[PDB]
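Okay, so here's the structure we're looking at.
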Amino acid sequence: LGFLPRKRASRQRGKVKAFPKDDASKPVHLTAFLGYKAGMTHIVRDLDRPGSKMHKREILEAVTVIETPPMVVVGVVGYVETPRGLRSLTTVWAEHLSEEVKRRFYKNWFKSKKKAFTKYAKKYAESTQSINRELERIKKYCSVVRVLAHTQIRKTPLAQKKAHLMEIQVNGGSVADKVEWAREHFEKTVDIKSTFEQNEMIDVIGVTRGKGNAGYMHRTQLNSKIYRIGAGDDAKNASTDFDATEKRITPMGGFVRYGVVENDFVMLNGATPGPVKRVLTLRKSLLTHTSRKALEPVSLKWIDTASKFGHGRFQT
Amino acid sequence: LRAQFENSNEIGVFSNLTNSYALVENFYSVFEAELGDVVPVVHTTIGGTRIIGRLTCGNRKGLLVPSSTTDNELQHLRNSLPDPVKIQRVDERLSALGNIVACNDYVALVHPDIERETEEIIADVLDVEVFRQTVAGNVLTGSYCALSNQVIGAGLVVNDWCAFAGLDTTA
Amino acid sequence: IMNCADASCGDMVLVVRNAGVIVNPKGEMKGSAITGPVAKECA
Amino acid sequence: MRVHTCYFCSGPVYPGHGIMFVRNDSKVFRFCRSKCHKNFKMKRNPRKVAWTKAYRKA
RNA sequence: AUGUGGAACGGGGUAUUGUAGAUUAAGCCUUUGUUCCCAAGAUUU
RNA sequence: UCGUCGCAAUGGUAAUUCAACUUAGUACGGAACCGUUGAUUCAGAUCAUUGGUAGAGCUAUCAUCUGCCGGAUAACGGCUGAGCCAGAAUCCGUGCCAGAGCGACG
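Residue numbers (the UniProt record's numbering), protein chains in the order written: chain A, 14 to 226, 270 to 372; chain B, 3 to 26, 32 to 157, 192 to 212; chain C, 24 to 29, 54 to 61, 80 to 82, 100 to 125; chain D, 1 to 58.
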């Protein structure tokens with residue numbers, strides 16, 4: 014069938030089969046968000062919509078929290094279009110690296126002599142002309158620019174300190190515009206909240222939650281309704297129009313098996329494949345949907361911050 | 003006037019035509040067009056119970072709108088309703104006041120089982136005596152009686202001087 | 024969950082909401115009587 | 001903006017969370033938590049239930 | 001594979017049942033707390 | 001040699017039906033286009049809430065969310081007078097699932 018045969022995704026990150034259709038007319042931006050499937054909450058969204066049956070009805074549905082905020086944007090990777098497919102013309106990151114990125118590039122970072130990009134960083138810093146020449150070649154030859162972007166696994170609260178690198182292509186913008194955006198975002202921390210507000214239907218993807226002797273299969277939640285960005289660092293993660301009072305998206309006393317996300321989440325009204333702390337692959341829709349229901353935003357009135365583990369109703 | 007409204011006639015039930023109000032989408036707009044200009048057709052939704060002549064009776068002044076209307080709905084109705092339009096929250100046995108109380112300025116006759124508090128609520132606030140009475144056997148008077156200042194009430198929005206009926210209201 | 028008793056709100060489709103009103107079942111008055119009709123909107 | 005108060009637990013029942021003992025008459029005896037939900041189903045007196053607020057009030 | 005080092009507990013918080021108490025994360029959180037140990041060896045390129 | 005990030009040859013594939021309202025009591029007793037609101041079946045996910053299981057976890061068409069647009073066509077109707085156009089739940093693609101041959105980088 015479509016999803017059949019069943020096969021758990023070996024890669025923790027939900028490698029996107031496709032990406033949103035880039036267009037040079039649109040500003041140089043991204044079309045992905047590195048979620049982490051933090052948890053869920055009954056974010057009551059008052060669906061203020063005349064004609065609809067659930068007019069102004071608070072939709073107390075699961076706001077599937079997915080930790081997604083500042084993710085280390087290292088550099089860019091060239092991608093030239095070839096008669097045999099899409100070939101990576103080059104891969105030029107920024108001079109500045111991170112221990113999490115180095116840990117990701119290896120498997121025994123502490124055991125290893127931290128040689129990851131040792132001379133490469135020196136070449137990037139000292140031989141900047143060579144980096145510029147390669148960048149100039151990338152801008153003049155590569156058809157697409159895959160903006161390299163790691164994660165904040167070591168930065169945000171997580172046992173894994175291997176930054177989830179993602180070759181997020183520059184969604185839109187010309188070759189010069191994509192290079193300039195990559196240069197601006199060189200050695201930066203791409204914030205998922207900055208990329209998108211997560212206040213409407215999204216194209217979140219990623220592996221499912223490993224049940225046992270299945271799950272953990274790469275999926276793509278089409279038209280995944282996103283309630284709001286669950287900023288775990290901010291006390292107002294679950295604070296909404298009616299709830300407010302600096303409510304925390306995590307359950308009172310910490311979410312089950314995920315606690316409180318050290319950074320912003322991608323809390324989405326509905327389901328999201330993946331267990332607690334399992335890295336998600338939220339992204340923009342490849343196609344376009346001008347549906348009135350999708351266009352109309354459901355006003356998030358209240359939310360749920362109950363100490364679900366235990367007294368599933370004790371919000372405070 | 004047999005105002006065409008979807009399939010069920012139910013103009014009075016949907017729109018409880020008060021004395022100086024009408025408590026009202033085309034049928035509601037039609038009620039707002041003719042009756043609403045003189046007798047303010049306040050589009051009552053009562054938290055989904057849009058039927059006004061089923062829950063929200065009362066002559067304009069202190070029209071006994073159902074207390075079943077949500078806190079936002081009751082506040083929005085009360086705020087929109089002026090002093091001669093006030094939506095008094097019917098919380099007594101005539102919680103279905105629109106069907107229960109026979110909204111009419113002279114007498115807002117309440118349901119036979121409607122409590123005296125609801126009877127006095129329309130009597131005092133709405134300036135329309137809600138006499139607890141079963142209109143032609145049917146306990147809820149406002150549903151059976153198309154009461155006017157001068192289920193017929195469910196099927197006919199009877200204002201102070203108007204009696205606008207439903208789509209296929211029985212002639 | 025139409026369980027609060029007394054189809055959709057009021058509607059029974061041959080339920081009070100959620101609520102299930104009363105059921106005539108084998109022939110019992112509860113559902114069939116419906117408060118003897120009349121009253122509110124059944125007059 | 002007031003929420004239904006727990007009949008079993010004498011403390012404002014959370015929306016959806018907890019339970020309300022809705023009988024045929026829709027008593028809707030609200031409950032502050034799952035423990036109160038069992039108390040709500042049994043219609044336990046909030047004054048009797050020590051965890052309930054009414055016990056402290058009494 | 002010498003430091004948010006992790007691992008353990010000591011826990012706290014957290015709740016459950018329950019009439020406050022104990023378990024108190026176990027797939028509840030979390031620790032300015034404590035100690036332990038640390039490529040340590042073995043093995044393949 | 002190890003590791004990271006990717007390419008996509010190829011294989012599979014998915015959505016389905018109905019009701020109501022607006023059109024409109026109009027066109028001509030009574031429609032249809034469009035739009036809107038919802039339901040049926042099926043598929044993929046999730047456990048915030050509710051139920052079950054002895055708080056947690058698991059789980060429920062007992063709970064919730066999600067489930068498209070391009071090309072080429074058949075019948076058939078047109079254009080000039082073969083070559084083109086319009087045209088189906090059909091077919092091939094977009095998308096989704098798996099990744100055998102390969103790319104870039106340390």
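Just so you know, even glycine gets a beta-carbon here, dropped at the ideal spot from N, CA and C.
Original post:
Roughly how many whole angstroms lie between the Cα atoms of residue 28 of chain A and residue 281 of chain A?
Top reply: 20 angstroms
Original post:
Could you give the distance in angstroms between the alpha-carbon of residue 83 of chain A and the alpha-carbon of residue 166 of chain A?
Top reply: 10 angstroms
**OP:** Check the DSSP bridge columns for residue 58 of chain A and list the partner residues they point to.
**Re:** A:72 and A:356
Original post:
Measuring CA to CA, which of B:6, B:43, B:10 and B:9 is closest to residue 18 of chain B?
Top reply: B:43
**OP:** Please name the residues in the region 53-85 of chain B whose beta-carbon is closer than 7 angstroms to at least one beta-carbon of chain C, in chain order.
**Re:** 61
Subject >> Distance, residue 79 of chain A Cα to residue 186 of chain B Cα >> reply: Residue 186 of chain B cannot be located in this model; chain B continues from 157 straight on to 192.
Subject >> Own chain partners of residue 159 of chain A with C-beta closer than 6 angstroms, once the 5 adjacent residues on each side are dropped >> reply: 90, 92, 180 and 182
Subject >> Proximal residues of chain A, C-beta to C-beta of residue 15 of chain D below 7 angstroms >> reply: 57, 73 and 358
**OP:** State the Cα-Cα distance for the pair residue 145 of chain B and residue 34 of chain B, rounded to the nearest angstrom.
**Re:** 26 angstroms
Original post:
Whose C-beta lies closer than 7 angstroms to the C-beta of residue 32 of chain D among residues of the same chain, with five residues either side of it excluded?
Top reply: 6, 9, 11, 13 and 18
Original post:
In angstroms, rounded to a whole number, what distance separates the CA positions of residue 367 of chain A and residue 57 of chain C?
Top reply: 34 angstroms
Subject >> Meets three-Cβ-pair contact criterion under 8 angstroms: the region 146-155 of chain A and the region 41-55 of chain A >> reply: no
Original post:
Using a Cβ cut-off of 9 angstroms, which residues of the region 127-147 of chain B contact any Cβ in chain C, in chain order?
Top reply: 141, 142, 143, 144, 145, 146 and 147
Original post:
So with Cβ pairs under 8 angstroms, would you call residue 106 of chain C a contact of chain D?
Top reply: no
**OP:** Measuring alpha carbon to alpha carbon, tell me which of A:21, A:337, A:115 and A:314 ends up nearest residue 31 of chain A.
**Re:** A:337
Original post:
What span of residues does the alpha helix (DSSP H) with residue 179 of chain A cover, start to end?
Top reply: From DSSP, residue 179 of chain A is part of no alpha helix (DSSP H) but of the beta strand (DSSP E) over 179-182.
Subject >> Rounded separation between residue 16 of chain A and residue 276 of chain A - CA only >> reply: 10 angstroms
**OP:** Please say whether residue 221 of chain A and residue 330 of chain A have beta carbons closer to each other than 8 angstroms?
**Re:** yes
Original post:
When the Cα atoms are used, what is the spatial distance from residue 107 of chain B to residue 26 of chain B?
Top reply: 17 angstroms
Original post:
Quick one: what does DSSP say residue 152 of chain A is sitting in, helix, strand or coil?
Top reply: helix
Original post:
So, is residue 40 of chain B buried or exposed, given that buried needs 16 or more other C-beta atoms within 10 angstroms?
Top reply: exposed
Original post:
Touch check for the region 138-153 of chain A and the region 53-70 of chain A: three-plus C-beta pairs under 8 angstroms?
Top reply: no
Subject >> residue 157 of chain B burial status per 10 Å Cβ neighbour count (16 or more: buried) >> reply: exposed
**OP:** For my contact list, residue 355 of chain A and residue 297 of chain A are in at a C-beta cut-off of 8 angstroms; report their separation, rounded to the angstrom.
**Re:** 6 angstroms
Subject >> Buried/exposed call for residue 95 of chain A, threshold 16 Cβ in 10 Å >> reply: exposed
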